[PDB]
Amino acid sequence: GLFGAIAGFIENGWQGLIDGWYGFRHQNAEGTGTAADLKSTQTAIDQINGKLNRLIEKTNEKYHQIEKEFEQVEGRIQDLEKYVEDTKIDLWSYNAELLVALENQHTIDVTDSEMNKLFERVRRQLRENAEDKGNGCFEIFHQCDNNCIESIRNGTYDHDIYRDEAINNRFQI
């Protein structure tokens, strides 16, 4: 993708994450765990559902057209009827091919972008209390029991509570 998160600095996906598209994995004193992030998952699903809705929107209702099969050669007018229908088919096939290629490029970029926006949200919450380890993970420089982990997941983590502990451990002062 354009953002280099999926298939990038996050090295693989998680087969265990079954109730979300994006999520958190943690290890603290009390153990490990994983939960889904609902906001990122829903925004990516809504954008993809939007493109689906844009396509399965059938407005192409035709009744009396032209003949399209001929048992024998007839000359000028049959040549024109065949040529018109071949021209139409070639243009519609080009449109289908290009639409799918563009949409897929964009869908891959959108999902990579949503991965990246989640990473940046957590970064901005942690402020000076954590460091980016380089693989989608943050090293947190204060103890963080299960309630503190959930506070990070649910967006109520207050960095100021932990800042001086974390800064002292980060830099040894």
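Just count from 1 along the sequence shown to find any residue number.
- Comparing the deposited coordinates for 45-53 and 125-133, the stretch with the larger average C-alpha B-factor is 45-53.
- Annotation for 89-97 versus 70-78: the higher mean temperature factor (C-alpha) is found in 70-78.
- Per the deposited record, the Cα B-factor of residue 6 falls in the middle third when ranked against the other modelled residues of its chain.
- Among all modelled residues in its chain, residue 173 ranks in the highest third by Cα B-factor.
- Annotation for residue 61: CA B-factor lies in the highest third of the chain's modelled residues.
- In the deposited entry, the Cα temperature factor of residue 140 places it in the lowest third of its chain's modelled residues.
- Among the modelled residues of its chain, residue 20 has a C-alpha B-factor that falls in the middle third, as given in the PDB entry.
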